[PDB]
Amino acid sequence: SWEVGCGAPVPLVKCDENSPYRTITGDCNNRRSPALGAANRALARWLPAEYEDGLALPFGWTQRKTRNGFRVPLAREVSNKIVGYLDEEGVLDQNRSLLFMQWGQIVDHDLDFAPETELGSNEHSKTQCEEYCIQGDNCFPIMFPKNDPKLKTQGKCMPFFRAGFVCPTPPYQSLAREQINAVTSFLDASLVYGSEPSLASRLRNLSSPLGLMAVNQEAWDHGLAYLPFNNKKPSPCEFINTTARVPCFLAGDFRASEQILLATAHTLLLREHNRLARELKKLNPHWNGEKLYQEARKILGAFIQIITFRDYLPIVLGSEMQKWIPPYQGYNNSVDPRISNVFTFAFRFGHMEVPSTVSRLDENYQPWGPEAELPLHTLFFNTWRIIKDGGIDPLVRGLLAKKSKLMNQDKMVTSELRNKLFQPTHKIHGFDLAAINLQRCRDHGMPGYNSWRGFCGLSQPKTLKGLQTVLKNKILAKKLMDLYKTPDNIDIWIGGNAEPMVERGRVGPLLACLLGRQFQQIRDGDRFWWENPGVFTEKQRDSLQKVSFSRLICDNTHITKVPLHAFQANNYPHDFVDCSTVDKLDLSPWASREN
């Protein structure tokens, strides 16, 4: 066994039993073991961590040491050989809107974050890793293979630092290293409100007693709000353009400004919250600040649950959706709602769905201006193209009228992310999201592909012919084999994503199984699930049953023409209808008859 509960960083676990609202930290959801699904605790291990030394080291740390008799391939070599492609033609998913990709990143953020090791204060370590590419302690550089273009213009490696782990920040033994999930495992709208009280309050507007979320005072969007700027220096949003000097936004989740479209979706959320607190004020004028905030927060987290589970998940899982997420049967206190470590990798499937460009569209959904279509890499940490360039309404149109990239066996990840990714405190648009993912798998001591195949009640190929038959691809199988030398060594991220898509779905069997379980666990282990009897009133539930993303757009943007089904591909003007004919969220069921 292990020390039953290592817990030096998490002390305070005091719970109010009457409380009708979720805590910001996730704590007190589970009564028998409150810390389940709470921010700042270890990610769950569905299977024992697999580490080079069986403690904290990652495979590929010691050159001599092999995994199952073979050396594991360099993350970047796998990337170049398998992940990359040149031709962006015929790569768009015909039946998925770009919103599909976007919602997947939103939901993912709400659920898990495993941030890097924070051990360098007035230290050159972030630069000693980057400048001289020397692996040590938390620094775990992604080295370039022999034939690599980036070797010629960038250096010997790409900087990479290991993720944070519970108890000691830098040293520990002998139990296996466990990474931290810095957000709440629950689909609770954390990304809008925060997972810490320190952040939660800063995000709030406590000046007025209207329970509104703090907005921007330096800029507006045709009378509509923008999230507040985060005034911390240095900002990468200012670094990308030093002339525009527009900093990153401040949201409930740290990563909000990574790409313009996510920041965009973050802006749509804050608005719907403020819009909700204003309607509650009008029907319940006796309700105070905190109460207006909490009830609005309660409704938004319910909205994210319905969209994700009713509209989003069935089109990710497709045929495999009932097999894993059968109709709700109520809260089950024995269900672990913690995000597992492997899900933070299973969910990365979304990377394949990211297209190489983003567009801006006018009322007739036509190119908005001369540069309307821009390359994705010019949008990493770019908040200025929203403030100084037309607001969100044009971007929210792109999201409805354009397509997500379709995952493709010979075209998995676009170069915008493969070669051109920007990372804070590193200057260049010259990083690789694919290499990073694979590096992270090893950093998190991930079990190989077959361990996971076995875990899901699926076959475990040991030959080239076996792998060919599972992937339904000769050449993909051969490249993987030549690199890994065995399936048993294939990193889960590239292994799960290499499998053909399930019928009516956008992922393979292995991912549909992993994604499948996790989502059902976060629905069943949630005491505050919107459908759990007693959370909302019988009537409130009938009002919430009508929410839509279309409605979220109409309610919080000046667009008046939207599809009925926001995630499927939709063309203008045919697939578009007026906002007038769209179900509204009636808030009458929230009337507080106190007298």
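One-based numbering along the sequence shown. In this text, rigid core is short for the largest set of C-alphas that superpose within 1.5 Å between two forms.
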Next on the checklist: Can you check whether 109-117 or 122-130 lies farther from the displayed model in 9 other deposited structures of this protein, averaging C-alpha distances as RMS after superposing on the core?
Outcome noted: 122-130
Item to check | Which of 178-186 and 231-239 lies farther from this form in 9 other deposited structures of this protein, as RMS of C-alpha positions after a rigid core fit | outcome: 231-239
Checklist entry - Do the CA atoms of 48-56 or those of 539-547 have the higher mean B-factor in the entry? => result 539-547
Item to check | Residue range whose averaged C-alpha B-factor is higher in the record, 119-127 or 234-242 | outcome: 119-127
Item to check | Member of 500, 289, 457, 197 with the greatest C-alpha B factor (per the PDB record) | outcome: 289
Checklist entry - Reading the B-factor column of the entry, which of 506, 282, 150, 397 has the highest value at its C-alpha atom? => result 282
Checklist entry - According to the PDB entry, is the CA B factor of residue 453 in the bottom, middle or top third of its chain, that is, lowest, middle or highest? => result lowest
Checklist entry - Mind checking which third residue 491 falls in for C-alpha B-factor across the chain? => result lowest
Checklist entry - Among the modelled residues of its chain, does the C-alpha B-factor of residue 172 lie in the lowest, middle or highest third? => result highest
Next on the checklist: Quick check for you: using the entry's CA B-factors within this chain, is residue 278 in the lowest, middle or highest third?
Outcome noted: highest
Checklist outcome for this item: residue 350: CA B-factor among chain residues, third -> lowest
